[PDB]
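Please read the structure below before turning to the comments.
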Amino acid sequence: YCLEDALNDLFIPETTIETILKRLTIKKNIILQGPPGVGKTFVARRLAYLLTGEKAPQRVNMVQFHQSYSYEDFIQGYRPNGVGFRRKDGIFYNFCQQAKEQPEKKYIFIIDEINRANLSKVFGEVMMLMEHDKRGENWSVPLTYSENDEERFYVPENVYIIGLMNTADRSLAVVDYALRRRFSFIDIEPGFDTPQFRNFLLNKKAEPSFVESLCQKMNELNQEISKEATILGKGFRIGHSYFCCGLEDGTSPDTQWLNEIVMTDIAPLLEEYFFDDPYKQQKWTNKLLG
Amino acid sequence: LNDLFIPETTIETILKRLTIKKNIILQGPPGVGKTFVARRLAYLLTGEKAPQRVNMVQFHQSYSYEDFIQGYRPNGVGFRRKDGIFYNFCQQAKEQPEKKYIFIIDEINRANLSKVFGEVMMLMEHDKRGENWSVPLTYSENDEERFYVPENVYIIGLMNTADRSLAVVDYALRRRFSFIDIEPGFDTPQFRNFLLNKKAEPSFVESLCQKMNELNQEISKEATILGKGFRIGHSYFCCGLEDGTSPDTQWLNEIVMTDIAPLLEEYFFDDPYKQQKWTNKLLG
Amino acid sequence: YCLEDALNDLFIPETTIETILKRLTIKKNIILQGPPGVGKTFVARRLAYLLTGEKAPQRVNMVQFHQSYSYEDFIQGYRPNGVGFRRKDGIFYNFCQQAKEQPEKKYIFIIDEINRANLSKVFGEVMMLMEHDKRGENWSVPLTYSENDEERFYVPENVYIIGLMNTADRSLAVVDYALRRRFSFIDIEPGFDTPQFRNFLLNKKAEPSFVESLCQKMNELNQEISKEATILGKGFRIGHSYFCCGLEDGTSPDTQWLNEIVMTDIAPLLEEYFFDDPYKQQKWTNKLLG
Amino acid sequence: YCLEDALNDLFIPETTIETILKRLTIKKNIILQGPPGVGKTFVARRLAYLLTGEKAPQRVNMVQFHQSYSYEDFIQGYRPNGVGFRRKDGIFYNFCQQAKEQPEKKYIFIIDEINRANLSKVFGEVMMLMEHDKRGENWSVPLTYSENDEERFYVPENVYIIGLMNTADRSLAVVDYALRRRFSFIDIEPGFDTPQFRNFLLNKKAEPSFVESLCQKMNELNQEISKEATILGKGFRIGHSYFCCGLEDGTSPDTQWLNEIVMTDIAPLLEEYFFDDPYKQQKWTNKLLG
Amino acid sequence: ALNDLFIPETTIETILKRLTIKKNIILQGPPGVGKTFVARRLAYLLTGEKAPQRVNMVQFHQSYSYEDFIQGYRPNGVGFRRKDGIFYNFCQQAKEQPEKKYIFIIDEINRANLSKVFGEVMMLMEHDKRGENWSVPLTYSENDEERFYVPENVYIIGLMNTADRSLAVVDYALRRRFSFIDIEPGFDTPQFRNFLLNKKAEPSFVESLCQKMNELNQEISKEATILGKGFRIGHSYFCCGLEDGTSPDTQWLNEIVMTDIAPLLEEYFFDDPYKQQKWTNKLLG
Amino acid sequence: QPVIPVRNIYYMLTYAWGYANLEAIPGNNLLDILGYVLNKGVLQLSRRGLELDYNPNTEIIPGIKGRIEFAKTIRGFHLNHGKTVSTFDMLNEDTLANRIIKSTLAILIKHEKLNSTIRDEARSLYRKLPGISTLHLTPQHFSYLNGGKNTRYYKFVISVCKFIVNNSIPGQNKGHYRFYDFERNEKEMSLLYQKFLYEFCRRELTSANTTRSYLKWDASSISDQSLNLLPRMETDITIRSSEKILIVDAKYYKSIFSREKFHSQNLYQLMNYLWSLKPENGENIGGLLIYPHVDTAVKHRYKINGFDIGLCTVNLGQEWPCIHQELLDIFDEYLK
Ligand SMILES: Nc1nc2c(ncn2[C@@H]2O[C@H](COP(=O)(O)OP(=O)(O)NP(=O)(O)O)[C@@H](O)[C@H]2O)c(=O)[nH]1
Ligand SMILES: Nc1nc2c(ncn2[C@@H]2O[C@H](COP(=O)(O)OP(=O)(O)NP(=O)(O)O)[C@@H](O)[C@H]2O)c(=O)[nH]1
Ligand SMILES: Nc1nc2c(ncn2[C@@H]2O[C@H](COP(=O)(O)OP(=O)(O)NP(=O)(O)O)[C@@H](O)[C@H]2O)c(=O)[nH]1
Ligand SMILES: Nc1nc2c(ncn2[C@@H]2O[C@H](COP(=O)(O)OP(=O)(O)O)[C@@H](O)[C@H]2O)c(=O)[nH]1
Ligand SMILES: Nc1nc2c(ncn2[C@@H]2O[C@H](COP(=O)(O)OP(=O)(O)O)[C@@H](O)[C@H]2O)c(=O)[nH]1
Ligand SMILES: [Mg+2]
Ligand SMILES: [Mg+2]
Ligand SMILES: [Mg+2]
């Protein structure tokens with residue numbers, strides 16, 4: 001794999017990407033936080049091949065957390081084989097064993113929607129081990145279901161973990177500050193006002209005026225949302241994904257196309273953001289259309 | 001396309017939105033034919049009236065990821081991993097890639113949709129469908145065996161707008177789902193034509209639409225408490241007249257006490273006079 | 001092993017380290033409470049070598065409590081065999097058998113994030129027995145899953161227990177005051193003020209002016225944090241672990257490095273910390289850059 | 001078993017120990033209800049030898065309750081063999097059986113931390129027999145797991161039950177219904193303002209006025225605890241055993257030794273108590289230091 | 001049976017118009033309305049053949065679950081076997097006789113969680129989605145060879161009571177699938193007075209007593225919040241004690257005042273002995 | 001029986017708890033204001049999302065969920081009838097904090113004297129929270145929540161909920177409730193005012209440093225070092241700045257609201273605080289007495305015993321911003 005392969009279709013600046021790869025080599029654990037629709041899931045599979053430098057999915061594992069996800073499934077626990085119960089080494093436990101075989105090559109474990117599941121319960125023993133300075137046999141730990149103290153589990157040094165956490169829901173947030181220290185948090189923005197996003201549109205037979213008009217609209221729109229941090233922080237603001245997909249047929253992005261998409265998706269979305277003000281909903285809708 | 005009481009624009013909108021985006025939520029009050037819309041619509045997209053492709057379920061607060069996708073459940077001998085329907089269903093559509101298989105989701109609002117779907121909450125989006133985006137599930141013993149939604153799958157969810165829950169709002173799922181409202185359609189000729197094609201009186205039909213619309217506008221009057229989402233559907237009128245009993249004010253007045261009155265009670269709770277007024281308004 | 005080797009790099013005052021030994025040797029169970037990043041995990045492995053007087057891990061055991069540890073895992077529980085269950089002595093019971101094999105040499109059992117789990121549920125019978133007074137054969141007691149033939153389990157005198165309760169999660173704090181009497185709680189400060197912290201940076205090619213500039217700012221922030229008690233208490237104040245790491249290659253500390261720290265880790269932390277007005281965030285973030 | 005060995009060292013007034021012996025012969029099911037650090041566990045071991053009048057371990061049994069403790073272990077239950085299930089007589093069942101052989105001799109069962117487990121889930125059916133009036137073979141009952149109704153269990157009149165319950169948690173405002181009817185609660189004072197506690201310090205080369213100064217602070221502070229009911233009732237107040245411990249060397253009491261206790265036990269305990277008003281912590285901490 | 005029923009004839013006839021079409025129904029009312037006896041006679045009325053075999057009855061509670069109701073695994077001497085529940089057995093029995101209407105009684109329905117018990121089936125019982133088209137594989141039905149569908153003939157009755165103020169607003173699940181009917185106590189009804197006048201009761205004693213209770217039922221419903229229309233007392237107690245062989249009399253009434261109404265009146269108010277004493281004494285005379 | 005206009009009172013609570021347009025509501029009385037705060041306040045939480053805390057559940061189910069507890073499993077023999085004892089984490093809004101809101105709303109509706117709109121809207125909201133379980137509230141429940149894991153916003157409404165429950169009295173009927181006559185008693189009004197200033201001064205007087213200071217008597221006693229009999233003396237507030245320190249004692253009196261004799265009994269406490277207090281910095285010593293007045297504000301200065309002391313009043317009922325302006329004008333004079 002190579003760097004330039006990713007950047008061709010990526011709307012995020014390279015400078016942030018350099019910051020991303022810089023920390024991850026150091027901290028070995030990262031979390032990318034932004035609103036939905038900015039390619040967190042998109043980059044994460046790409047970024048892995050960058051860090052390894054080779055397109056190996058064997059070395060990469062990608063999972064999505066949720067409420068009913070637990071230490072027993074993730075790490076270790078007793079589960080039914082059949083008539084007889086057995087201890088089933090979870091996916092993360094097995095992932096490290098593969099990585100142990102190949103210490104040189106980096107192995108990556110990717111957690112989508114991390115903030116949902118109770119991470120404190122899930123990681124558990126891992127919460128201490130995963131830190132960059134504590135990896136290796138020297139900090140070996142026995143697990144809950146380990147037969148004895150001698151059976152011990154150590155995270156390899158090579159492992160890199162990437163977590164994806166939306167900023168739309170304040171209920172589900174990584175409030176456990178001890179857990180926050182392990183992860184280096186990298187905010188991501190929609191990146192409307194970028195050449196790469198614009199070049200993709202112009203590449204898709206788009207008017208230079210209409211594209212630039214659109215960028216002002218969303219950028220100003222997001223700025224209004226970020227202002228009222230009491231109700232809605234910057235994390236809530238709209239992503240670029242609604243505009244990204246759906247143009248595969250070859251339809252040029254005219255104003256008629258824009259008027260359609262806002263009607264179906266953004267309009268009701270705005271209603272919840274501004275429940276009390278119908279005028280404010282009507283104001284911003286009309287601003288895009290006019 | 002004949003007995004549907006919704007305008008052709010909405011159904012024409014839906015198929016273009018559905019085929020492209022591949023996920024939709026049809027939200028409206030009870031009695032607007034959400035089931036009949038979805039079930040008819042599914043047969044259009046396949047092009048054949050094949051129900052085996054189509055599967056419908058009705059969510060409820062106690063439904064869980066154990067049932068939907070995967071789960072550990074007992075056989076006679078002991079415990080095993082039992083494939084939930086959607087795991088079972090996508091495999092079925094994966095069997096035949098060309099044809100279009102449909103999954104219908106009723107009473108979606110009740111359950112914590114994130115909790116149920118879990119892993120597939122990412123996978124369902126149209127771009128992220130295929131082996132490349134496959135992931136091992138929670139209960140999969142080995143990482144190598146994975147689950148991926150195929151491109152052929154299309155999903156429809158039917159949502160009641162009249163029972164708002166101030167518990168969990170997810171705007172990320174809203175990114176996956178393209179939302180479509182449905183109006184009751186009293187104004188539509190197609191509902192009126194059916195009544196005129198059931199030997200109804202012309203004035204009685206015109207009087208009927210005015211009666212419900214005046215109430216419907218009142219329901220949407222106070223946006224804070226209630227909205228267009230609460231307003232009454234037409235479907236109560238569809239049933240019970242196929243025996244041969246043509247419409248009459250007596251039959252309507254029965255429905256007023258039979259069906260509408262609890263709804264009024266439910267909606268205009270602790271307000272007898274307004275129910276008494278609006279109930280009596282229809283009878284007059 | 002001796003104090004001289006351990007305290008070569010450690011940023012803690014000598015006062016606490018000996019004061020720790022004063023309370024521990026009489027009382028034998030302690031908890032060190034501080035925010036994450038103050039070397040709680042770091043010292044604990046080192047302390048084991050002092051009291052034993054030698055660097056041996058065998059007399060030491062290290063574990064972490066993840067809100068799913070149970071008495072079945074800690075002490076006595078039932079595990080599947082091929083077809084049917086058997087009784088398995090847990091790690092702690094296994095640990096005491098080794099420790100009571102020789103009373104002379106001291107044995108340590110270490111519990112990270114001890115505050116999380118419901119300790120009354122895990123320890124059970126031990127909650128009385130851990131205490132210094134009620135040790136030895138005199139206070140032997142029969143366990144829950146003990147055999148009908150009378151066999152009793154007693155904490156040997158040589159055992160010393162250390163707990164590591166982070167001060168971030170207020171909810172996950174010891175409110176079972178009966179248990180809080182078994183332990184002696186030793187507060188650990190962030191560790192900024194000490195010169196022993198300062199020497200570590202200066203030895204790694206750092207200007208004292210830049211060092212003294214940095215430390216002045218942190219205490220003001222922690223003072224700003226220390227003032228509030230509603231949400232952000234005294235304990236939340238920032239640790240020094242962030243600054244410890246990332247300098248091994250030879251990269252000397254500078255505002256570029258500090259700027260990476262401030263934007264990347266601390267700045268997300270601050271907005272979560274305050275989450276009332278951004279103005280408070282921008283001021284203190286900019287102070288560090290200034 | 002002479003009283004002078006037993007009762008002289010004790011801090012409690014002779015009024016309460018005698019009263020304890022009265023109800024214990026009468027009712028045989030007794031609960032000592034007080035905060036931690038007043039010797040609840042301490043007295044009960046001595047009292048058992050007092051009533052029997054001799055030092056015999058077999059006639060006296062000790063247990064601590066916790067959530068995992070159950071009927072199946074306590075009384076009777078099935079423990080799996082390699083595959084098959086064998087019935088097993090539990091402790092309390094086995095304990096009384098010894099008392100049957102020697103009916104004259106008094107037998108004692110000691111239950112620490114009783115509130116943690118529901119009495120019904122553990123005792124269950126035997127709560128019928130456990131009552132003081134309905135004892136003896138007349139009220140015999142066949143057990144749940146008995147193979148036939150012929151086999152029966154009756155609580156012999158000779159056994160007396162002692163249960164140690166701590167008023168240290170807010171949940172205990174809803175006391176279990178089972179305890180109130182069948183047990184006789186006794187309140188145990190903290191016992192600072194007592195003659196024998198004072199003389200113990202004086203015997204360990206302590207200034208009398210400083211001790212009297214100390215007691216007024218404890219007596220004054222504990223009064224502040226008692227006045228509140230919402231957060232801290234009378235039952236939460238400090239016990240007298242922090243100061244008892246730690247003098248086995250002969251080290252004289254002083255402000256430094258006091259400060260060791262204050263910083264390491266009582267100060268952080270107060271942080272948990274008086275969270276809402278940090279200054280209220282400051283108010284008392286400085287008061288004690290003086 | 002029609003004249004034997006004490007409630008208005010209009011209510012009796014109206015229900016069958018609802019049930020035949022809607023196929024799902026719930027009666028919410030005070031205790032002592034003959035709700036159990038009502039449904040049975042109404043169930044026999046719909047079939048017309050007075051067959052108890054067609055009708056099956058179940059009483060819900062919080063523990064009642066999908067395994068009791070539908071299907072589950074039950075222990076053998078060794079191991080365990082799948083054990084058909086009531087409703088699964090019930091419908092398959094009715095499957096043989098399509099023309100024959102079969103009725104199911106779920107008592108104290110509001111106590112249990114409808115979702116927890118039914119599960120999958122909770123949509124299949126709604127009349128719009130019925131029959132083989134809407135077949136679904138069951139939770140423990142490992143194979144896809146056989147699916148569970150309730151045939152059209154099935155009618156579902158739910159017995160709920162409006163007695164308790166502790167009960168909060170009804171579950172949303174119920175409201176969609178059920179038609180809600182309230183049954184009056186029926187004191188005013190002639191059929192109840194002819195059930196006392198046929199037993200040689202004095203018309204004054206009859207009319208006074210009907211007037212006596214009506215004033216009581218009106219006052220208890222006067223409360224807006226704590227005591228609603230549903231609280232007011234039913235008539236079934238008056239049946240109990242007369243047709244065994246003992247004639248009506250004021251002393252017989254006097255026992256019933258002490259028997260049920262006096263403790264019942266205590267339950268509803270549960271605050272004031274004087275107000276209870278006023279009514280309890282007033283009922284006697 | 002003249003008292004402060006009620007709308008202004010709510011602002012004083014804001015500073016009291018340390019954290020909107022009140023013109024919109026037409027009901028002058030307090031519960032109309034406070035009920036509208038909660039009824040509108042709940043809506044802000046729901047939009048962002050209510051707190052969801054993972055509560056572990058150990059129950060008997062027909063399958064494996066999370067971690068099986070082997071001990072309880074075999075002891076109940078649930079394996080044979082196809083059941084397991086397993087511990088798992090349902091994610092609910094059933095927290096103690098959220099139950100308080102729903103239980104509180106019942107009390108708000110049950111209050112006998114209330115605006116119709118307020119009672120109507122909440123009953124829907126009461127209906128809108130089906131999963132949560134009603135509770136019978138006591139202060140001990142609020143006491144348990146002093147940990148404050150919840151957000152800063154949650155603590156605001158709960159602080160209001162604490163106020164309402166304590167200031168709720170049963171009225172005409174057994175079921176319904178009646179609001180407390182908070183205004184009439186000075187003591188609760190007084191403790192509010194003292195608390196109102198103490199947290200207020202932290203906000204606005206960023207220039208100065210503000211702390212409550214405990215003081216110890218200059219006395220020595222042959223009898224006791226404790227001096228327990230001597231009164232405990234704790235300042236209401238001290239607002240120290242580099243140039244000048246200042247101690248304030250403020251209280252709410254009904255007689256002073258009357259424009260005759262004057263109630264300055266608290267002044268006896270104030271001087272004695274000055275004497276036992278000795279400043280290490282030795283910049284200056286100043287004193288202030290401030291009381292609530294209704295009609296107008298008057299300021300005086302004194303040179304009493306070598307100390308520079310001010311007695312002043314504030315025209316409550318005027319306007320909230322000018323009152324906010326009024327205090328800053330006030331303290332600046334004496335803080336000098
Ligand atoms: N072609 C292209 N698509 C992009 C780019 N960035 C984002 N997208 C698209 O936006 C959609 C969502 O990506 P995703 O990472 O899941 O967004 P997200 O922020 O993670 N969403 P969520 O947080 O809700 O999971 C996909 O269609 C993705 O390909 C891009 O740079 N190029
Ligand atoms: N070299 C050196 N590193 C220190 C010192 N103190 C802390 N650190 C470093 O800071 C990092 C984390 O320390 P750690 O003990 O895990 O803190 P913790 O309190 O245990 N973490 P947590 O509270 O999250 O469990 C490690 O790199 C540790 O070595 C110190 O005095 N010297
Ligand atoms: N010498 C002496 N020691 C006492 C006396 N009272 C209590 N202690 C000491 O206090 C220490 C703990 O007593 P203990 O009974 O365990 O208190 P507890 O009620 O069991 N504690 P908890 O409630 O936490 O379980 C022991 O050293 C005990 O001997 C006393 O009167 N004399
Ligand atoms: N002919 C016709 N029937 C309709 C229409 N809408 C609903 N119905 C019928 O109304 C009955 C109930 O529909 P249902 O799905 O339960 O209502 P909903 O789920 O709340 O939308 C079915 O017979 C529907 O087919 C319609 O537009 N035209
Ligand atoms: N014969 C006859 N008995 C009735 C009638 N109505 C109620 N009953 C009797 O009243 C009793 C049932 O009352 P019910 O309310 O169902 O008892 P509950 O379920 O405990 O409330 C039985 O004795 C019924 O036969 C009726 O109309 N005719
Ligand atoms: Mg995404
Ligand atoms: Mg640590
Ligand atoms: Mg004890």
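The chains in the structure tokens are called A, B, ... from first to last as shown; in each chain the residues are counted from 1, and the ligands are counted from 1 in the order shown.
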
Quiz prompt | Within 7 Å of ligand 2, counting only C-alpha atoms and all ligand atoms, residues as a PyMOL selection string | solution = (chain A and resi 128+133+178-179) or (chain C and resi 9-12+34-43+112-113+166+240-242+244-245)

Select residues of chain A: the criterion is any atom within 9 Å of an atom of chain C, counting only C-alpha atoms; output as a tab-separated table (two decimals) with C-alpha atoms, in the first residue's frame.
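As a result, part14.tsv now contains:
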```
chain	number	residue	atom	x	y	z
A	19	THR	CA	-0.88	14.23	13.01
A	23	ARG	CA	0.44	10.06	17.53
A	26	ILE	CA	3.73	6.97	19.79
A	27	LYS	CA	0.59	6.38	21.83
A	71	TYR	CA	-15.61	-9.20	28.36
A	78	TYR	CA	-16.83	-19.90	29.48
A	83	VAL	CA	-23.02	-30.75	26.01
A	84	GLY	CA	-19.81	-29.46	27.60
A	85	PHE	CA	-18.88	-25.87	28.29
A	86	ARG	CA	-15.48	-24.52	27.27
A	87	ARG	CA	-13.42	-21.39	27.69
A	120	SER	CA	-14.85	-0.42	31.44
A	121	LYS	CA	-16.53	-3.80	31.62
A	122	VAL	CA	-15.30	-4.89	28.21
A	123	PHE	CA	-11.60	-4.11	28.28
A	124	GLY	CA	-11.07	-4.73	31.97
A	125	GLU	CA	-7.61	-6.20	32.33
A	126	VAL	CA	-6.67	-4.60	29.01
A	127	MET	CA	-7.33	-1.11	30.37
A	128	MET	CA	-3.93	-1.11	32.06
A	133	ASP	CA	4.87	1.92	27.84
A	139	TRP	CA	3.75	-6.37	32.76
A	140	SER	CA	2.20	-9.83	32.30
A	141	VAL	CA	-1.20	-10.21	33.95
A	142	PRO	CA	-3.34	-13.24	34.87
A	143	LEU	CA	-6.90	-13.14	33.60
A	144	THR	CA	-10.11	-13.94	35.45
A	145	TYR	CA	-10.56	-17.35	33.89
A	146	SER	CA	-6.87	-18.18	33.82
A	147	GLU	CA	-6.17	-21.54	35.41
A	148	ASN	CA	-3.42	-20.14	37.62
A	149	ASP	CA	-1.31	-17.07	38.23
A	175	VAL	CA	-16.57	9.93	30.42
A	176	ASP	CA	-14.20	7.49	32.13
A	177	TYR	CA	-11.25	9.84	32.30
A	178	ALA	CA	-8.74	7.12	33.14
A	179	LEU	CA	-9.75	5.48	29.92
A	180	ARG	CA	-9.45	8.86	28.20
A	181	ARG	CA	-5.76	9.09	29.05
A	183	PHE	CA	-6.50	7.16	23.99
A	184	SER	CA	-5.23	10.18	22.11
A	185	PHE	CA	-8.30	11.99	20.81
A	186	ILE	CA	-8.22	13.44	17.30
A	187	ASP	CA	-11.18	15.57	16.29
A	229	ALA	CA	-22.61	24.84	22.59
A	230	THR	CA	-25.10	24.67	25.47
```

Quiz item: How far apart are chain D and chain A by Cα RMSD after a least-squares superposition over every Cα, paired in order?
Solution: 1.1 Å

Exercise. List the neighbours of segment 207-212 of chain C out to 10 Å using only C-alpha atoms; skip same-chain residues closer than 6 positions along the sequence, and give me the result as a list in words.
Key: residues 193, 197, 198, 199, 201, 252, 253, 254 and 255 of chain C

Self-check item: Distance-based interface of chain B with chain A, 8 Å, counting only C-alpha atoms, as a count of residues only
Solution: 31

Exercise. May I ask you to write as a VMD selection string all residues lying at most 10 Å from ligand 5, with only C-alpha atoms and all ligand atoms counted?
Key: chain E and resid 1 to 7 29 to 41 107 to 108 159 to 161 186 191 to 192 195 234 to 241 243
